[PDB]
Amino acid sequence: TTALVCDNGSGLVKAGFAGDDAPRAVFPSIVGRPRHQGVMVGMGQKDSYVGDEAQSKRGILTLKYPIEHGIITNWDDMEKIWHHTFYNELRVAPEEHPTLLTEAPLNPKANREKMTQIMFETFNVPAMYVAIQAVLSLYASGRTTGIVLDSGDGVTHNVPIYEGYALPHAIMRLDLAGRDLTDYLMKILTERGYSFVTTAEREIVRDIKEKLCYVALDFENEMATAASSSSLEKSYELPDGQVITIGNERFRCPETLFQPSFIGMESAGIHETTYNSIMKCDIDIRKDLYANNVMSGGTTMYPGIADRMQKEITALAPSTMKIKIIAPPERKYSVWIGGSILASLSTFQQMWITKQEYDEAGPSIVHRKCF
Amino acid sequence: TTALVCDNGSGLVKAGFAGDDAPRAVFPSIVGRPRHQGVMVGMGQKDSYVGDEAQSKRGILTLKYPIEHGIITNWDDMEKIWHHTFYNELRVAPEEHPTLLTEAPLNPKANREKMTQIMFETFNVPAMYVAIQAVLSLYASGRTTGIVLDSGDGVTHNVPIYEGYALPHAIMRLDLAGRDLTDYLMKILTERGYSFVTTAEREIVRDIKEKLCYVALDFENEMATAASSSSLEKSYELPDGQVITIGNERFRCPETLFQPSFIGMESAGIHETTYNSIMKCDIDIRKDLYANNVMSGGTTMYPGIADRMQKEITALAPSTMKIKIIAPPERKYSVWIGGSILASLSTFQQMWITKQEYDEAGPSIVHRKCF
Amino acid sequence: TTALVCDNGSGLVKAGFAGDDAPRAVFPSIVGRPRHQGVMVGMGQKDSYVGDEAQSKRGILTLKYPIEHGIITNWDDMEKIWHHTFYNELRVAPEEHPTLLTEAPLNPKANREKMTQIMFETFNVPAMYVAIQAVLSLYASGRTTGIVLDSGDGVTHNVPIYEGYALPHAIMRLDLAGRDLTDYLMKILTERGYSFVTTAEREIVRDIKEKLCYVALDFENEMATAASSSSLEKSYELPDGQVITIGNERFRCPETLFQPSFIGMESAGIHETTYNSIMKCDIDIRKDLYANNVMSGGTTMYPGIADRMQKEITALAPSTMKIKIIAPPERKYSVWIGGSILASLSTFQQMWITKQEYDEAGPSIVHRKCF
Ligand SMILES: Nc1ncnc2c1ncn2[C@@H]1O[C@H](COP(=O)(O)OP(=O)(O)O)[C@@H](O)[C@H]1O
Ligand SMILES: Nc1ncnc2c1ncn2[C@@H]1O[C@H](COP(=O)(O)OP(=O)(O)O)[C@@H](O)[C@H]1O
Ligand SMILES: Nc1ncnc2c1ncn2[C@@H]1O[C@H](COP(=O)(O)OP(=O)(O)O)[C@@H](O)[C@H]1O
Ligand SMILES: [Mg+2]
Ligand SMILES: [Mg+2]
Ligand SMILES: [Mg+2]
C-alpha cells in the first residue's frame, strides 16, 4: 500500500499521495460557522463548513483557524479538517494507508501526543510518523547540507544540518510569520482610511499583501523614493469594486520580517537569527552552512527577499565567506515534496510507529522514533 | 389536511390554499358603514358591508381601512375581514386547517401577538405561523440570495438575504407606499380643479393611479416635454360620465418614491434606501446583492420603475458592478406564491405553532419560532 | 499669550482657554440648513445654522454632522464650526492665540494634515499642536500609568501607557460608540409602536438615551426580571406632550457595547477589547495596567457600566490580579482638562508647530513634531 502525506500547515493544509511530485489537495485550514439568524428552510444548513466551502461563503461566516503559530489550539476543529482531507478531498479510507504528518521544532510535546492519538484511535491508520518540517525541506532540495530557513503562516525557524547530523542546540525559532505580517498590514492600511475589521476581511488583506507586497533591497532608499514620487503606487480592486491605492505599504509590511520592532517585538530579524544560528555551530562546519542557505515556506516568496537576505548576511558574515541564498521555485511545497521523498525511501519502512507499538506503549512512544 | 395561506396586505387581502399559484380570493381591505338614514324596510339593512360589496356601495358608505402603515389598528374591523375571508370567500372552516399569516418587518410585537390570539381563540385553527413578506417574495422567485424590495399599499421595506441567512441590522423600513402616493395625487389633481375629497373618491383617485400612473426615466426632461406640448396628456372617465385630463400629474406622483420631500418626508428615495442597505452588508456579498436585486408588491408595478431603479443604483454603486432588477411578471402576488410554496413543504412541519404550544405558552410564544 | 484648547468631539465641541478646569463653551457639532420654503419677507436669512441655534430650530432643518467616526467627513462644515467657536462663542481673535486640538488613534493622516493646513492658512494662528486623546484623558487623572478607555459619540479606543511610554502595537480602536447606540435604540423602539425616523427626532432619542438608559450587571437575568413585571419601566414626555414608556429598551441599548453582535459588528465587547489589549503588553507591566484602568468620554457615563466592566474583566484576568476601574465623575470633559493641563505645562512651549516651521516644512511636519 502507498502512504499519504498530510502537511498540517498553519494556514493551508497540503495533502497528497506518497510518490506524487506535487500535493493533490490544497485548501486553507479554516472552519466557518455562520453569524446571522437563518430564515430559509431547506437552506443555510451544514452548521459548519471547512476549507474551500468556508472561503466561498465567508460573507456570512466567522472563520476560525485551528492552528496558531504552528501549535494546534482547538482539537475538535482539527479533527474535522483531517476528516475532510481524508474523506472528501483525497477520497481515501484512512485505515488502509500509512501517513506522514509534520510538526515544527520546539512545539509542546502534548501536541504530537494528541496528533498521534487522533490518528491511531479515531482514523485507525496502520502506522504514522511525525517529522520536523525543516528536515523534510532539506530532503526536497535533494541536498545533504544546509541551514533550512523555513517560514510559513505561523512560524519562522532555522535548522542547521551537516552531512546528515542535526545540530539541535543551534536551532532558532521565531513566532513572526505570514499571519502577523497580515495583521500589521491591516493596521498600516488605516493611514489611508481602509478599515478592515472582520475575520472575513483578513482574507482580503491577505490577498492584497500576497499580490502587491514586495521587500525593498534597501528600506530607507525605498522610503525616500516613495515619499518623493508616485512610481511605486499600485491599485487593487476589492470584491465590491472599490479601488484602493497603496504606496510605501508595499514594502513597510514585508520589512517587518527584518525589524520586528515595527510590530512591537524585541527579537532580531530573520537574517540576524540565521547568522546567530550559524555562529552557534562548530567552527569546522560554518563554511558549508554559509554556502547552502536553503529557504522554504510561503513567506519567503516575496520579491526581493533572496537578494535582501544575501546582502544582509554578507554584511554580517566575514568578507571571505561565499554566501549563497537558495530559493527553489516550488519552495511553498518543499516541505510536502520532501515528505513524499522521505516516505518513498527504501530504508524508511522500519521507522514507522506501528499500531502495535501504540497499543503496547501509548502515545508517548512517538518521542523515541522521531526527531 | 390542507394548510391555508393568508396575506393581510395593507391594500388588499390575498388569501387561499397552499399548492395553488394564485390566491383564491382577492378583494380590497375595507369595511363600510352607512353615513345616511335608511328609510325603506327589509331593504336598507346590514349596517356593515365588507370587501367588494363595500366598494359596490361606496356611494352611501364611509370606507375605513383597518390597516394603516402595515399596522392593524381597528381590531374589530380586522376580525370582520378575517371572518369574511374564512367563511364567505374560502367557504372552509378555520377549525380544521393550519394557517400561515404574512407580516411586515419591524412591526410592534403586539401586532403578531394579537394575530395569534385571534386565530387561536376566535377561530381555533390547529396551528398558525407568521412569516415576513420579503422572505416569501424571495421564496417565490426561486432564489438562494438577493436584496428584496417590497412596497405594497402601506409599507416599503428592504430585507437583504444571503444563502438563506438574513441581515437584521441591514433592514430598512420606509413607510411610504401606494396609499401616500394616492393622497399626493389627490392633492395635485386640484391644480386642475378636480376636487376629490370623500373617501369614496379616494377609491377613485387610486383607480386613476392604478390606470394612468407611470414612472418617467428622467424627471427634468419629462417635465420639459410636458411643458412643451400635450403629448403626455391622457383622460379618464369618472363614474358619472365626467372626463378628466392629467399631464405631468401622471409622473409627478410616482416621483414621490424617489423624492419623498414632495410629501414632506426626509428619508431618501428607494434608490438610496436600497443602496444604503446593500452598503451595510459584509463587504464580501455586496457584489452578489447588486446582481440579484428583487422587486415585489403592487407599488412596483408602475411601467418603468425597474429601469429608473437600475439607472439610479448604477449611478450610485461602483462602476464595475453588474446591476439587475429582478422584476417578476406576477410580482403583485409574489408574496402569496412564496407563502404557498413555504406552507407546502414537508420539512416546514417543524415550524407550525400548534394549539398546544400556544395554550401552554401564551401569545409570547410566537417570537420564539418566528423571524 | 493665552492658548485655546479645542476638543472637537463627534457630538459636542468643548472649546476654551487653557488653564481653566472647565471649557468656556460647549455646543453640539451639527450644521443645520433650512429645508422648507420661506414666505415672510424679513425672514429666512442666515441660510446655514450652527450649534444650539441649530437645535432649537431643528423642526425646519436637516441636521448633518461634520465628523462621522472621529473622521472629518466634511470640511466646508467644519470650517463653519471652527469659525463659530472662535468668533461667536469665545469672542477671541484666533490670529494671536496658540491653539491645541485633538484626534483619536489610528486616524487617517490626511485628517490631521488638513486640520493643520486650515488652521495655519484659513485662520492664520501663530502656532498649534494636535494630541491623541488617551494621553490627555490620562493627564486629567494625574496618573502616568494606565490603560484609558475613551468612549465618545463616534469612536471607542484604548491606549496602554506605562510610565509615559506608550505601546503602539496595543492600541485597540473600535468604531462603535454612543451614536451607534442612539441608532440601535431608535431601531428597537418600534417594537412598542414608537417610530422616530428623522434627523430632528434623533436628538430626542439622544436625550431619551441620556436620561433613561442604564447598564445592567447580568443581562440575561435583567431581561428575565423586566419580562416578569413592569418594575423597571419609566416614562418620557416628548416635546409635543406625548408620553412614551420604555422598559427593557432601557438596558438593551447599552448592552450592545458588551455584545457588538446585536448590530452585526463582529468584534468582541469593550471589556474583551480592553483585556485583549492588555494581554498583548509585555508580561511584567500587566500588573500595573490591571490596576489603572481610567475611563473617559461621554458614553462611559452610563450608570452601572463600571461595575459591569470590572466584573467582566475579572472574568478574563487571572484570580490574583487586582482589577480596578477609575471613573472620575467629571469624566465627560477629561479630554479637555488634559488638554488644558498639557498646554499649561512649562516644558511644552517647545513642542508647538510654529507658523514658521510649517511655512518652511509643509503639512508633513504634523506627523514629525506630534505623536
Ligand atoms: N506569493 C506569495 N507572496 C507573499 N506571501 C505569500 C505568497 N504565497 C503565500 N504567502 C504567505 O505565506 C503563508 C502561506 O505559506 P505556507 O508555507 O503555505 O504556510 P503554511 O505552511 O503555514 O500553510 C500565508 O500567510 C501567505 O500570506
Ligand atoms: N398596476 C398598478 N399600478 C400602480 N399601482 C398599483 C397597481 N396595482 C396596485 N397598485 C397599488 O399597489 C397597492 C396594492 O398592491 P399590493 O401589492 O397588493 O399591496 P398589498 O399587498 O399590501 O395589499 C394599491 O394601493 C395600489 O395603489
Ligand atoms: N448619562 C449618559 N448616558 C449615556 N450616554 C450619555 C450620557 N451623557 C452623554 N452621553 C452620550 O455621550 C455622547 C457625547 O459625549 P462626549 O464624550 O462628549 O462625545 P464626544 O467625544 O464626541 O464629544 C453623546 O452621544 C451622548 O449620547
Ligand atoms: Mg510549512
Ligand atoms: Mg406589501
Ligand atoms: Mg473624546
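Each position is counted from 1, following the chain as shown.
Even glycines carry a Cβ here, placed using N, Cα and C.
Here is what Swiss-Prot says about this protein:
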MOD_RES   B:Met40  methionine (R)-sulfoxide
MOD_RES   B:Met43  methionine (R)-sulfoxide
MOD_RES   B:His69  tele-methylhistidine
MOD_RES   B:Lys80  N6-methyllysine
Could you check which of the modified residues B:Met40, B:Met43, B:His69, B:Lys80 have their CB within less than 6 A of ligand 2?
none
How big is the gap, in Å, between the Cα of B:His69 (tele-methylhistidine) and that of B:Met43 (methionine (R)-sulfoxide), rounded to a whole number?
36
I need the CA-to-CA distance for the residue listed as 'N6-methyllysine' versus B:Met40 (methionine (R)-sulfoxide), whole Å please.
26
Sites among the modified residues B:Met40, B:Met43, B:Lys80 close to chain C [C-beta, under 8 Å]:
none
Taking chain A as the partner, extract the modified residues from B:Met40, B:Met43, B:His69, B:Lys80 whose Cβ is under 8 Å from a partner Cβ; order them by sequence and answer 'none' if none remain.
none
When DSSP states are folded down to helix, strand and coil, where does B:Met43 (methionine (R)-sulfoxide) land?
coil
